[PDB]
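**Q** Let's see this in three dimensions:
(chains A and B, ligands or ions: 8)
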Amino acid sequence: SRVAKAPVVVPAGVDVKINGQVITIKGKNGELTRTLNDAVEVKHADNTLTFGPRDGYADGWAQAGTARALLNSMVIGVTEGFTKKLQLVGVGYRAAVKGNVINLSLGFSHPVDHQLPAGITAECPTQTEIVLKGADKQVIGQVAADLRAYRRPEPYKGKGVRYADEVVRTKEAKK
RNA sequence: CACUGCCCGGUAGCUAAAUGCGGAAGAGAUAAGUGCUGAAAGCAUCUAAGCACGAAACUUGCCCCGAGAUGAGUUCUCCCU
Ligand SMILES: [Mg+2]
Ligand SMILES: [Mg+2]
Ligand SMILES: [Mg+2]
Ligand SMILES: [Mg+2]
Ligand SMILES: [Mg+2]
Ligand SMILES: [Mg+2]
Ligand SMILES: [Mg+2]
Ligand SMILES: [Mg+2]
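**A** Numbering: from 1, shown residues only, chains lettered A, B, ... in the order given. Ligands and ions are numbered 1, 2, ... in the order given. Next comes the structure:
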């Protein structure tokens, strides 16, 4: 609707190939591919991407409204990248990356090892910090959630793997 | 012959009180639940398109029966010239 009217201007240095509903986008950071819904039209006059409804579908401007913001993120990923910072709060909590494997120490009797997917590369500058980078926005959101899901941040001291941006609302251990 | 007359021991077999083993791990698709991206609805949103996770239940895996499975299947050999 009000999202699907506004065009996705695709900058130079970015290759865009339309194949029916399949849309590949190649750039210097990577290449990405998504099939659209059957309710969406897509076309291109050399600078802009426009997303129209195919006539006859009731969910026209919502399926075409989703398709704009998906491809608006595919362009940013192949030319800038999406980066997600994660920290650690607590005593003895520390991280370490070996190649593509985060090794966590989070208060358990066993070690914690994570296996980073095929487009995501991780970096611990600090033992209490993870910085991970990737082209696809949906995968850096999913990788960040699986690391936070080992010690979901405590409601008493904020303790555990949290996101960098968020506020963790704390509670007093009351009586 | 007297309850095997009354008793004392005891081979084999059968047995428990004797002594071996078992319930699983793993796989799949989920429940309640938890999320990721994301519009309708410029924001927000687990959901409408798409992606992940999740239980002694479910489907397997473990044991036995099983082609009268009339939908009566397969392989190997033998006999009758
Ligand atoms: Mg007599
Ligand atoms: Mg005896
Ligand atoms: Mg199992
Ligand atoms: Mg599952
Ligand atoms: Mg949104
Ligand atoms: Mg959200
Ligand atoms: Mg049990
Ligand atoms: Mg039942």
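**Q** Around the closest residue in space to residue A:4 that isn't next to it in sequence, how many other residues sit close by?
**A** Nearest non-adjacent residue to residue A:4, counting by C-beta to C-beta, 6 or more residues apart in numbering: residue A:65, 4.1 Å away. Bear in mind the C-beta positions are built from the backbone N, C-alpha and C, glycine included. Burial of residue A:65 is recorded as 18 neighbouring residues (other C-beta atoms under 10 Å).
**Q** what does residue A:155 give?
**A** 12.
**Q** Doesn't it belong to a helix?
**A** No: using DSSP: H, G, I helix; E, B strand; the rest coil, the assignment for residue A:155 is coil, not a helix.
**Q** my guess is it meets residue A:172, correct?
**A** No: counting by C-beta atoms under 8 Å, residue A:172 is not a contact partner of residue A:155; they are 10.2 Å apart.
**Q** if we can go back for a sec, what's near enough to touch the residue nearest to residue A:4?
**A** With contact taken as C-beta atoms under 8 Å, 6 or more residues apart in numbering, residue A:65 is in contact with A:1, A:3, A:4, A:51.
**Q** Which of the residues you listed are buried, as a ChimeraX select command?
**A** Of these, the buried ones go into a single ChimeraX selection, burial set by 16 or more other C-beta atoms under 10 Å:
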select /A:4,51
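**Q** distance of the residue nearest to residue A:4 from RNA strand B?
**A** Taking C-beta to the nearest atom of the strand, to the nearest Å as the measure, residue A:65 falls 2 Å from RNA strand B.
**Q** quick one: what helix or strand has that residue in it?
**A** For residue A:65, the element it lies in under DSSP states H and E is helix A:60-79.
**Q** could you point out which element follows that helix?
**A** strand A:82-89.
**Q** now for that next one, which elements pack on it?
**A** Judged by 3 or more C-beta pairs under 8 Å, 6 or more residues apart in numbering; DSSP states H and E, the packing partners of strand A:82-89 are strand A:129-134, helix A:137-148, strand A:160-163.
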